[PDB]
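For reference, structure-v5.cif (mmCIF, C-alpha atoms and all ligand atoms):
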data_final
#
loop_
_atom_site.label_atom_id
_atom_site.label_comp_id
_atom_site.auth_asym_id
_atom_site.auth_seq_id
_atom_site.Cartn_x
_atom_site.Cartn_y
_atom_site.Cartn_z
CA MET A 1 0.43 -9.50 -7.83
CA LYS A 2 3.43 -10.69 -5.82
CA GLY A 3 3.06 -13.35 -3.13
CA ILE A 4 4.41 -10.98 -0.50
CA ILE A 5 1.24 -8.90 -0.76
CA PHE A 6 -0.84 -12.04 -0.15
CA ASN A 7 1.43 -12.98 2.78
CA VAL A 8 0.90 -9.66 4.55
CA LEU A 9 -2.83 -9.95 3.83
CA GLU A 10 -2.78 -13.36 5.53
CA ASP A 11 -1.10 -11.83 8.59
CA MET A 12 -3.87 -9.22 8.71
CA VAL A 13 -6.81 -11.60 8.25
CA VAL A 14 -5.36 -14.11 10.71
CA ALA A 15 -4.99 -11.36 13.33
CA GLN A 16 -8.46 -9.81 12.89
CA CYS A 17 -10.60 -12.78 11.89
CA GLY A 18 -8.59 -15.92 12.67
CA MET A 19 -6.81 -18.66 10.72
CA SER A 20 -10.13 -20.45 10.14
CA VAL A 21 -11.41 -17.48 8.13
CA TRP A 22 -8.19 -17.18 6.11
CA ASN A 23 -8.47 -20.84 5.15
CA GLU A 24 -12.08 -20.36 4.07
CA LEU A 25 -11.04 -17.36 1.97
CA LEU A 26 -8.15 -19.29 0.45
CA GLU A 27 -10.17 -22.41 -0.37
CA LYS A 28 -12.92 -20.39 -2.04
CA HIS A 29 -10.88 -17.83 -4.00
CA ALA A 30 -7.71 -19.77 -4.83
CA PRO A 31 -6.94 -23.15 -6.46
CA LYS A 32 -6.34 -26.25 -4.33
CA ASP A 33 -3.17 -26.17 -2.20
CA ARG A 34 -2.32 -22.58 -3.13
CA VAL A 35 0.86 -21.35 -1.46
CA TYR A 36 1.95 -17.76 -2.00
CA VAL A 37 5.71 -17.69 -2.48
CA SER A 38 6.70 -14.13 -1.59
CA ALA A 39 8.75 -13.41 -4.73
CA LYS A 40 6.33 -15.08 -7.17
CA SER A 41 3.63 -13.43 -9.32
CA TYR A 42 -0.02 -14.41 -8.91
CA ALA A 43 -3.33 -13.33 -10.46
CA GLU A 44 -4.42 -10.02 -8.92
CA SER A 45 -8.01 -11.23 -9.19
CA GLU A 46 -7.23 -13.70 -6.40
CA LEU A 47 -6.38 -10.79 -4.10
CA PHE A 48 -9.40 -8.67 -5.07
CA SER A 49 -11.76 -11.60 -4.55
CA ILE A 50 -10.36 -12.29 -1.07
CA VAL A 51 -10.48 -8.63 -0.04
CA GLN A 52 -14.00 -8.19 -1.43
CA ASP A 53 -15.05 -11.24 0.59
CA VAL A 54 -13.54 -9.74 3.76
CA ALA A 55 -15.37 -6.43 3.21
CA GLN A 56 -18.68 -8.26 2.80
CA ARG A 57 -18.04 -10.34 5.93
CA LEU A 58 -17.31 -7.18 7.93
CA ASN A 59 -20.03 -5.13 6.21
CA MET A 60 -17.49 -2.42 5.35
CA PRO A 61 -17.06 -0.26 2.26
CA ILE A 62 -14.57 -2.07 0.05
CA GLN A 63 -12.28 0.96 -0.24
CA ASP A 64 -12.17 1.38 3.55
CA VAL A 65 -10.92 -2.21 3.78
CA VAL A 66 -8.32 -1.64 1.06
CA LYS A 67 -7.14 1.50 2.89
CA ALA A 68 -6.83 -0.35 6.21
CA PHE A 69 -4.88 -3.10 4.47
CA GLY A 70 -2.60 -0.49 2.94
CA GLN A 71 -1.76 0.89 6.37
CA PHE A 72 -1.12 -2.61 7.74
CA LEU A 73 0.80 -3.35 4.53
CA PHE A 74 3.41 -0.62 5.01
CA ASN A 75 4.63 -2.14 8.27
CA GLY A 76 4.61 -5.59 6.70
CA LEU A 77 6.93 -4.39 3.96
CA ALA A 78 9.07 -2.15 6.11
CA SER A 79 9.84 -5.22 8.24
CA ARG A 80 10.45 -7.49 5.24
CA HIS A 81 12.52 -4.84 3.41
CA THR A 82 14.05 -2.97 6.34
CA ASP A 83 17.12 -1.97 4.31
CA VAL A 84 14.93 -0.19 1.74
CA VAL A 85 12.94 1.86 4.26
CA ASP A 86 16.02 2.65 6.38
CA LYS A 87 17.29 4.67 3.41
CA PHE A 88 14.98 7.43 4.69
CA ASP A 89 15.16 9.47 7.90
CA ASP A 90 11.72 11.09 7.65
CA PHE A 91 8.25 10.73 6.15
CA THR A 92 8.66 13.44 3.50
CA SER A 93 11.90 11.97 2.13
CA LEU A 94 10.34 8.51 1.88
CA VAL A 95 7.30 9.76 -0.03
CA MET A 96 9.51 11.68 -2.46
CA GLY A 97 11.50 8.47 -2.96
CA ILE A 98 8.65 5.99 -3.49
CA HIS A 99 9.08 5.86 -7.24
CA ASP A 100 12.78 6.54 -7.85
CA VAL A 101 14.19 4.62 -4.85
CA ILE A 102 11.72 2.23 -3.24
CA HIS A 103 9.84 0.85 -6.25
CA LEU A 104 13.05 1.11 -8.30
CA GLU A 105 14.62 -1.27 -5.77
CA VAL A 106 11.55 -3.49 -6.05
CA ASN A 107 12.43 -4.02 -9.73
CA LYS A 108 15.85 -5.36 -8.65
CA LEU A 109 14.44 -7.48 -5.80
CA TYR A 110 11.52 -8.99 -7.72
CA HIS A 111 11.17 -10.39 -11.24
CA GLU A 112 8.89 -8.10 -13.28
CA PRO A 113 6.71 -6.60 -10.52
CA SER A 114 3.44 -4.82 -11.37
CA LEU A 115 3.89 -1.35 -9.92
CA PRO A 116 2.02 1.96 -10.08
CA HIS A 117 3.44 5.11 -11.63
CA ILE A 118 4.04 7.70 -8.93
CA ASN A 119 5.45 11.22 -8.83
CA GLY A 120 5.75 13.49 -5.80
CA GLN A 121 6.06 17.27 -5.78
CA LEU A 122 6.98 19.28 -2.69
CA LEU A 123 4.52 22.09 -1.99
CA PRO A 124 4.58 25.06 0.41
CA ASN A 125 3.22 24.64 3.96
CA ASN A 126 4.73 21.16 4.34
CA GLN A 127 2.44 19.61 1.74
CA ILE A 128 3.14 17.01 -0.93
CA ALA A 129 1.28 16.52 -4.21
CA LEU A 130 1.49 12.79 -4.95
CA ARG A 131 0.26 11.84 -8.43
CA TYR A 132 -0.76 8.18 -8.77
CA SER A 133 -1.50 6.16 -11.91
CA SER A 134 -2.12 2.45 -12.41
CA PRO A 135 -4.45 0.15 -14.37
CA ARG A 136 -5.15 -1.63 -11.07
CA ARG A 137 -6.56 1.59 -9.58
CA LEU A 138 -5.37 0.91 -6.03
CA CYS A 139 -5.18 4.57 -4.99
CA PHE A 140 -6.88 3.78 -1.68
CA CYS A 141 -4.22 1.18 -0.94
CA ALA A 142 -1.74 3.99 -1.60
CA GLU A 143 -3.55 6.21 0.92
CA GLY A 144 -3.35 3.48 3.56
CA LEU A 145 0.35 3.01 2.87
CA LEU A 146 1.03 6.71 3.29
CA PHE A 147 -0.74 6.58 6.66
CA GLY A 148 1.44 3.57 7.45
CA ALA A 149 4.59 5.46 6.50
CA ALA A 150 3.49 8.38 8.68
CA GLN A 151 2.98 6.01 11.62
CA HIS A 152 6.42 4.50 10.95
CA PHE A 153 8.06 7.92 11.40
CA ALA A 154 5.80 8.97 14.29
CA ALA A 155 4.30 11.59 11.98
CA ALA A 156 0.72 12.82 11.54
CA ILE A 157 -0.85 13.49 8.14
CA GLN A 158 -4.08 14.32 6.32
CA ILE A 159 -4.82 13.38 2.71
CA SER A 160 -7.08 14.99 0.13
CA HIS A 161 -8.06 12.81 -2.81
CA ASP A 162 -10.29 14.90 -5.09
CA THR A 163 -8.93 13.85 -8.48
CA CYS A 164 -9.43 10.09 -8.82
CA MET A 165 -9.46 7.32 -11.41
CA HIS A 166 -12.68 6.06 -9.82
CA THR A 167 -14.43 9.37 -10.61
CA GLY A 168 -13.26 9.31 -14.23
CA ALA A 169 -9.73 10.75 -14.37
CA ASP A 170 -6.72 8.85 -15.77
CA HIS A 171 -4.84 9.46 -12.52
CA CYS A 172 -5.31 10.36 -8.86
CA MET A 173 -3.93 13.37 -7.00
CA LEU A 174 -3.20 12.75 -3.32
CA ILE A 175 -2.52 16.03 -1.55
CA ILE A 176 -0.65 15.18 1.64
CA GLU A 177 -0.44 17.59 4.56
CA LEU A 178 2.27 16.88 7.11
CA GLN A 179 0.70 18.08 10.35
CA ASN A 180 3.51 16.95 12.64
CA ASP A 181 6.72 14.98 12.86
CA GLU A 182 9.83 15.02 15.06
CA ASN A 183 11.32 18.03 13.21
CA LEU A 184 8.12 20.07 13.12
CA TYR A 185 7.59 22.32 16.15
CA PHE A 186 5.34 25.41 15.94
CA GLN A 187 5.09 25.42 12.12
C1 LIG B 201 4.09 5.26 1.08
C2 LIG B 201 4.81 4.30 0.49
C3 LIG B 201 4.31 3.41 -0.69
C4 LIG B 201 3.30 3.59 -1.57
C5 LIG B 201 2.32 4.78 -1.66
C6 LIG B 201 3.26 2.45 -2.48
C7 LIG B 201 2.37 2.24 -3.54
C8 LIG B 201 2.08 1.01 -4.14
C9 LIG B 201 0.78 0.56 -4.64
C10 LIG B 201 -0.52 1.41 -4.59
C11 LIG B 201 0.93 -0.69 -5.15
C12 LIG B 201 -0.19 -1.57 -5.79
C13 LIG B 201 0.09 -1.77 -7.27
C14 LIG B 201 -0.47 -0.62 -8.09
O1 LIG B 201 -1.03 0.35 -7.52
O2 LIG B 201 -0.35 -0.67 -9.34
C15 LIG B 201 2.32 -1.09 -4.99
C16 LIG B 201 2.92 -2.30 -5.37
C17 LIG B 201 4.05 -2.84 -4.73
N1 LIG B 201 4.99 -2.14 -3.95
FE1 LIG B 201 4.60 -0.23 -2.97
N2 LIG B 201 4.29 1.60 -2.10
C18 LIG B 201 4.95 2.15 -1.01
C19 LIG B 201 6.04 1.60 -0.33
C20 LIG B 201 6.63 0.39 -0.65
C21 LIG B 201 7.70 -0.27 0.08
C22 LIG B 201 8.35 0.27 1.37
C23 LIG B 201 7.97 -1.43 -0.55
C24 LIG B 201 9.05 -2.47 -0.18
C25 LIG B 201 10.29 -2.08 0.14
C26 LIG B 201 7.12 -1.54 -1.73
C27 LIG B 201 7.10 -2.58 -2.65
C28 LIG B 201 6.02 -2.97 -3.45
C29 LIG B 201 5.76 -4.32 -3.92
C30 LIG B 201 6.62 -5.59 -3.64
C31 LIG B 201 4.47 -4.23 -4.76
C32 LIG B 201 3.77 -5.40 -5.48
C33 LIG B 201 4.20 -5.45 -6.94
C34 LIG B 201 3.54 -6.64 -7.59
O3 LIG B 201 2.62 -7.23 -6.96
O4 LIG B 201 3.93 -7.00 -8.72
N3 LIG B 201 6.31 -0.41 -1.74
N4 LIG B 201 2.98 -0.03 -4.36
NA NA B 202 6.86 17.72 16.27
ZN ZN B 203 -8.04 7.69 -6.54
#

Have the structure of the file written as structure tokens, please.
Amino acid sequence: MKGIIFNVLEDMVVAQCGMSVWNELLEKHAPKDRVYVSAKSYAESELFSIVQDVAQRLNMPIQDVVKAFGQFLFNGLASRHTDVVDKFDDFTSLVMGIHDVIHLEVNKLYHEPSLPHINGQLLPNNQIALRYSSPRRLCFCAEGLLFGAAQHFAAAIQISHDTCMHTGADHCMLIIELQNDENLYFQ
């Protein structure tokens, strides 16, 4: 898990809960004097432990917290990798380019990142079938991110998530409906 993910998480926790809470989280779930260098790899268990702690503090379902983080996370990355996201002029293009453009770039920007396997298929009625697969099973982070990407393009979406690794499958299917964006008028 790359430091950049931890950095954006810090920004989120500091904004919602305060720096005092972030320091508690860091002292408890990370070794002494931990500093997350953005480009460096760290143990994903450090992230999961922090996020699980946050969920418990807020009395929220863990996946609802991961989804919220995902939405916050898209803006964090879009602002840290503005050149990558500016390759796309709309939400649908970006989603269709997550694997072959965005995360492909991430392999050139970062040393050996740990990334999901994603494939998007355009459907009729302005829908997208996004297939997700990863041993980390962060499909709800992916949902959040998609909602973040929608917000970035002033678009509105709904997501159905009825095939899932958490209910036994070896992948998730995220069916995205684009309800509105700047190029969508009556239908
Ligand atoms: C809707 C858009 C996106 C989706 C759905 C998505 C999906 C994901 C997910 C779910 C993960 C967690 C790892 C896993 O699941 O195995 C991940 C990792 C990552 N992605 Fe994204 N992503 C999106 C956009 C972006 C953008 C815009 C960037 C930066 C330009 C980016 C760069 C990264 C990085 C740096 C990691 C961490 C890799 C590591 O820790 O080794 N992604 N991606
Ligand atoms: Na519109
Ligand atoms: Zn899932």

Closest to ligand LIG 201 (chain B) among A:10, A:83, A:100, A:53, using all atoms listed in the file? A:83

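The coordinates place atom CA of residue A:119 at 13.1 Å from atom CA of residue A:139.
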
For residue A:94, find every residue with an atom within 10 Å (counting only C-alpha atoms), except residues of its own chain fewer than 5 positions away, and show them as a list in words. residues 84, 85, 86, 87, 88, 89, 99, 101, 102, 146, 149, 150 and 153 of chain A

Put those residues in a file: C-alpha atoms, as a PDB file, in the frame of the given file.
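Generated file (selection.pdb):
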ATOM      1  CA  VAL A  84      14.930  -0.190   1.740  1.00  0.00           C
ATOM      2  CA  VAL A  85      12.940   1.860   4.260  1.00  0.00           C
ATOM      3  CA  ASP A  86      16.020   2.650   6.380  1.00  0.00           C
ATOM      4  CA  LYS A  87      17.290   4.670   3.410  1.00  0.00           C
ATOM      5  CA  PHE A  88      14.980   7.430   4.690  1.00  0.00           C
ATOM      6  CA  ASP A  89      15.160   9.470   7.900  1.00  0.00           C
ATOM      7  CA  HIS A  99       9.080   5.860  -7.240  1.00  0.00           C
ATOM      8  CA  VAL A 101      14.190   4.620  -4.850  1.00  0.00           C
ATOM      9  CA  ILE A 102      11.720   2.230  -3.240  1.00  0.00           C
ATOM     10  CA  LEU A 146       1.030   6.710   3.290  1.00  0.00           C
ATOM     11  CA  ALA A 149       4.590   5.460   6.500  1.00  0.00           C
ATOM     12  CA  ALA A 150       3.490   8.380   8.680  1.00  0.00           C
ATOM     13  CA  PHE A 153       8.060   7.920  11.400  1.00  0.00           C
TER      14      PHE A 153
END

Do you know which residues are within 10 Å of ligand NA 202 (chain B) using all atoms listed in the file? Can you write them as a PyMOL selection string? chain A and resi 154-156+179-187

Could you give me, as a Markdown table, a per-residue list for chain A showing, wherever an atom lies at most 6 Å from an atom of ligand LIG 201 (chain B), the closest pair of atoms and their distance in Å to one decimal, using all atoms listed in the file and sorting by chain then residue number from low to high?
| residue | atom | partner | partner_atom | distance |
| --- | --- | --- | --- | --- |
| A:1 | CA | B:LIG201 | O3 | 3.3 |
| A:2 | CA | B:LIG201 | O3 | 3.7 |
| A:77 | CA | B:LIG201 | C24 | 5.0 |
| A:78 | CA | B:LIG201 | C22 | 5.4 |
| A:81 | CA | B:LIG201 | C25 | 4.8 |
| A:84 | CA | B:LIG201 | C25 | 5.3 |
| A:85 | CA | B:LIG201 | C22 | 5.7 |
| A:95 | CA | B:LIG201 | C1 | 5.6 |
| A:98 | CA | B:LIG201 | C3 | 5.8 |
| A:102 | CA | B:LIG201 | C25 | 5.7 |
| A:103 | CA | B:LIG201 | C27 | 5.7 |
| A:106 | CA | B:LIG201 | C27 | 5.7 |
| A:113 | CA | B:LIG201 | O4 | 3.3 |
| A:114 | CA | B:LIG201 | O4 | 3.5 |
| A:115 | CA | B:LIG201 | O2 | 4.3 |
| A:116 | CA | B:LIG201 | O2 | 3.6 |
| A:134 | CA | B:LIG201 | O2 | 4.7 |
| A:136 | CA | B:LIG201 | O2 | 5.2 |
| A:138 | CA | B:LIG201 | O1 | 4.6 |
| A:139 | CA | B:LIG201 | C10 | 5.6 |
| A:141 | CA | B:LIG201 | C10 | 5.2 |
| A:142 | CA | B:LIG201 | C10 | 4.1 |
| A:145 | CA | B:LIG201 | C1 | 4.7 |
| A:146 | CA | B:LIG201 | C1 | 4.0 |
| A:149 | CA | B:LIG201 | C1 | 5.4 |

Go ahead and write the selection's residues with C-alpha atoms as an mmCIF file, in the coordinates of the input.
data_model
loop_
_atom_site.group_PDB
_atom_site.id
_atom_site.type_symbol
_atom_site.label_atom_id
_atom_site.label_comp_id
_atom_site.auth_asym_id
_atom_site.auth_seq_id
_atom_site.Cartn_x
_atom_site.Cartn_y
_atom_site.Cartn_z
ATOM 1 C CA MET A 1 0.430 -9.500 -7.830
ATOM 2 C CA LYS A 2 3.430 -10.690 -5.820
ATOM 3 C CA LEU A 77 6.930 -4.390 3.960
ATOM 4 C CA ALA A 78 9.070 -2.150 6.110
ATOM 5 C CA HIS A 81 12.520 -4.840 3.410
ATOM 6 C CA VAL A 84 14.930 -0.190 1.740
ATOM 7 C CA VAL A 85 12.940 1.860 4.260
ATOM 8 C CA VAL A 95 7.300 9.760 -0.030
ATOM 9 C CA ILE A 98 8.650 5.990 -3.490
ATOM 10 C CA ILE A 102 11.720 2.230 -3.240
ATOM 11 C CA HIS A 103 9.840 0.850 -6.250
ATOM 12 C CA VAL A 106 11.550 -3.490 -6.050
ATOM 13 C CA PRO A 113 6.710 -6.600 -10.520
ATOM 14 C CA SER A 114 3.440 -4.820 -11.370
ATOM 15 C CA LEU A 115 3.890 -1.350 -9.920
ATOM 16 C CA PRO A 116 2.020 1.960 -10.080
ATOM 17 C CA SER A 134 -2.120 2.450 -12.410
ATOM 18 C CA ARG A 136 -5.150 -1.630 -11.070
ATOM 19 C CA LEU A 138 -5.370 0.910 -6.030
ATOM 20 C CA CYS A 139 -5.180 4.570 -4.990
ATOM 21 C CA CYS A 141 -4.220 1.180 -0.940
ATOM 22 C CA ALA A 142 -1.740 3.990 -1.600
ATOM 23 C CA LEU A 145 0.350 3.010 2.870
ATOM 24 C CA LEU A 146 1.030 6.710 3.290
ATOM 25 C CA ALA A 149 4.590 5.460 6.500
#

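Take the candidates A:19, A:68, A:35, A:172 and check each one against ligand ZN 203 (chain B) using all atoms listed in the file; the shortest distance goes to A:172.
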